[PDB]
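In structure tokens, the next block holds one chain alone, the form deposited in one PDB entry.
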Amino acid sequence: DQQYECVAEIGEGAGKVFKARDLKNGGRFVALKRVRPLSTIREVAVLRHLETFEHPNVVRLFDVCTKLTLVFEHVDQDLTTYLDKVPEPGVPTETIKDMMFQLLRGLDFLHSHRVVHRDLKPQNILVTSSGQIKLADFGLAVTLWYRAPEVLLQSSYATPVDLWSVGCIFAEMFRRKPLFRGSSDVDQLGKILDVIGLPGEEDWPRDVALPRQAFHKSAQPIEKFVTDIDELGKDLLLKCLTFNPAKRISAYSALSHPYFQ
């Protein structure tokens, strides 16, 4: 509108997003998303609705302009930039524990309200100037490195999908480099099972193009790929990376794990 001025282009991908000046509000930076049905009306309704709770761990939605313009609070950087710029030998064991918790709270908040992010990844996990985690880019219908097994197999899309991503990110906090870096759904599923090993035959979803036989792999020691992690972080991380989504830990169960005590 005539109340916002675009200064740059933050990101673009699956309209796009800009960094803008909130002229009416002290010229603060904001994030303008210009999207381009009833389902959309409803997704927007959901966003407006979740906004009312102003969960500390999700980006504030400052306004919706009547194709569609959504105005969100701006955060200087994302988790990737944060990991890129983090000084050796990495991220403070305790900074990890903290961010992860904040990550799980925002996630449980969405799950409690039955929203499934579906594309959780460092690029849409924003770290604020005060070290606070804020989720963005969800609620509105390139990299499979964070995709969950079921998504890849194309069988279920429940909320467990995001916990898988969380574990994938939890590892990367330490690694500072992606855990499962595949180049195709099959390749991706391949590298995953290389590490967690083949799941029981009954843990394999029924009626999916890819059969368990399509792969050939044993459970490798996790601390091998994730160095510094403790006994507790190891347990939790595994509980997140369980092949069967029905056995995968929930953000809510996660918020209580010993690791956070």
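Numbers for residues come from their place in the sequence shown, where the first is 1. Rigid core: the largest C-alpha set superposing within 1.5 Å between the two forms.
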**Asked** Hey, does residue 28 drop out of the model in a third or more of the other PDB entries compared here?
**Response** no
**Prompt:** When the other entries of this protein are compared, is residue 218 unmodelled in at least a third of them?
**Reply:** yes
**Request:** Please say, as none, 1 to 3, 4 to 9, or 10 or more, how many residues of the deposited sequence are without coordinates in the interval between residue 224 and residue 225.
**Result:** none
**Fill in**
What lies unmodelled of the deposited sequence between residue 66 and residue 67 amounts to 4 to 9
**Complete:** Quick note on 144 to 152 and 82 to 90: per-entry mean CA temperature factor is higher in 82 to 90
**Request:** Tell me which of 39 to 47 and 54 to 62 has the higher mean C-alpha B-factor in the deposited entry.
**Result:** 39 to 47
**Request:** Could you tell me which third, lowest, middle or highest, the C-alpha B-factor of residue 164 occupies within its chain?
**Result:** lowest
**Request:** Consider only the C-alpha atoms of the modelled residues in this chain, order them by B-factor as the entry records it, and name the third containing residue 214: lowest, middle or highest.
**Result:** highest
**Request:** Could you tell me which third, lowest, middle or highest, the C-alpha B-factor of residue 122 occupies within its chain?
**Result:** lowest
**Item:** Third of the chain, ranked by Cα B-factor, where residue 249 sits
**Value:** lowest
**Prompt:** Of the three thirds of its chain by CA temperature factor, lowest, middle or highest, which one includes residue 20?
**Reply:** middle
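There is another form of this protein, the form deposited in another entry, and it is not shown here; the text below is about that form.
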**Message:** Rigid core superposed, CA of residue 44 - does it shift 2 Å or more between this form and the one not shown?
**Reply:** yes
**Request:** Answer yes if the Cα of residue 24 shifts by 2 angstroms or more between this form and the one not shown on a rigid-core superposition, and no otherwise.
**Result:** yes
**Per-residue C-alpha change between this form and the one not shown, residue 255, threshold 2 Å, rigid core fit** = no
